[PDB]
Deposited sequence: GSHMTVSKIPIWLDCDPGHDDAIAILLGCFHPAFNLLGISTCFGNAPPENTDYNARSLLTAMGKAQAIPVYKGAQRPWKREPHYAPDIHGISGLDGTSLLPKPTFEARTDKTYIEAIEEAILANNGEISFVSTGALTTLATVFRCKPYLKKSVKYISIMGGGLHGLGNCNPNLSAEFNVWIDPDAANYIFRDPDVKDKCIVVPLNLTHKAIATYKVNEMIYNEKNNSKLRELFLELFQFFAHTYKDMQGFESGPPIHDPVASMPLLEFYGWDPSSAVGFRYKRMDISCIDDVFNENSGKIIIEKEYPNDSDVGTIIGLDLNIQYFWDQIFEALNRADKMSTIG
């Protein structure tokens, strides 16, 4: 009756909105969160996640584990330019977290539980690196055939990117190309992977119209203010229309595929392709996506590559979630 999910993220301004959806959208049973390295160091992305949940009141519902703390191979390089030093700069409203990251078990064990608990029905959602999920599947490969979908925000098609000398690579793939390949090339997994690339996410712009919706004379919670202050800082690091909010877009295909709403509503269109990426770090196009193969639209084989969705609908979902979050705000 409700889409069970695990979220691996690196908050992260756009990742904060991913958490908001998974916590508060009526369609999602969030089973837990794993934080990886990426936008900031792993200690920051951990704290940032637990701070958000504490602000939204969800710090005693949503289990938090520390995920992958570093890439498989490459030296960790973070993004201070876009996200700041804490990885979530621009808002002082973020409260000191009530709860610790849980240590009853490894994150691999926690994800193992969650998958088996929702055997065949769960979807894993990576808004950060693919290191967390690639490690789970290395260590516990039996778990592959239990996950229904893996919804990834990452990659860019046709040499679209925000990383590497040529801007040919997208961040989440670039920070661990090995982990990405291990996912994209595995025949068990690649066929049920959903990829939401820069091509698609760059449609998810937070314009003046969107900011009005988050904060206005009718609706001016401090929680609402927090989320506004994120959108603003994200925009300051840019698209004159405003900044794209990449990570929540990975939730939309699930709403269509699990059939929360009709495809007419969600409007999620996609292709079927095998993909890989350049994982030689010394390569100038390090991380750039290669399209290995392409398939007819009725194909079962191939990674599911997002092309278009209804951006109106996207935003309606975020606002829906935000009105419920507002009721559970712990910071005024």
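Missing from the model, by position in the deposited sequence, are residues 1-6, 245-249.
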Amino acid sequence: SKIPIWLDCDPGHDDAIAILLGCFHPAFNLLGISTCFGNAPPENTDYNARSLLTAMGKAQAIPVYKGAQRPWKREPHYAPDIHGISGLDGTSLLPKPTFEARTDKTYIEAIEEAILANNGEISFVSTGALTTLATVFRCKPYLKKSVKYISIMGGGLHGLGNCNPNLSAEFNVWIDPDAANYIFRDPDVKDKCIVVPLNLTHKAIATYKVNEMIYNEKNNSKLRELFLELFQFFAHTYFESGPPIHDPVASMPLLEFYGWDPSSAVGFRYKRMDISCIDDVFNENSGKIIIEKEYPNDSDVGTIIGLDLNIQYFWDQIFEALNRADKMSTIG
From here on, numbers count along this sequence of modelled residues.
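The mean Cα B-factor in the deposited entry runs higher for 298-306 than for the other of 298-306 and 48-56. Of the two segments examined, 246-254 and 209-217, it is 209-217 that shows the higher average Cα temperature factor in the deposited entry. Take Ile291, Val64, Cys36, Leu30 and read off each C-alpha B-factor from the entry; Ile291 has the highest.
Between the residues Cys139, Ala117, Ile183, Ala79, it is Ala79 that shows the highest Cα B-factor in the PDB record. Sort the chain's modelled residues by C-alpha temperature factor and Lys192 lands in the middle third, per the entry.
Placement of the Cα temperature factor of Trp174 within the chain: middle third of the modelled residues, per the deposited record. Ranked by Cα temperature factor within the chain, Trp260 sits in the middle third according to the deposited record.
In the deposited entry, the Cα temperature factor of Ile278 sits in the top third of values across the chain's modelled residues. Per-chain ranking of the deposited C-alpha B factor places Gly267 in the highest third.
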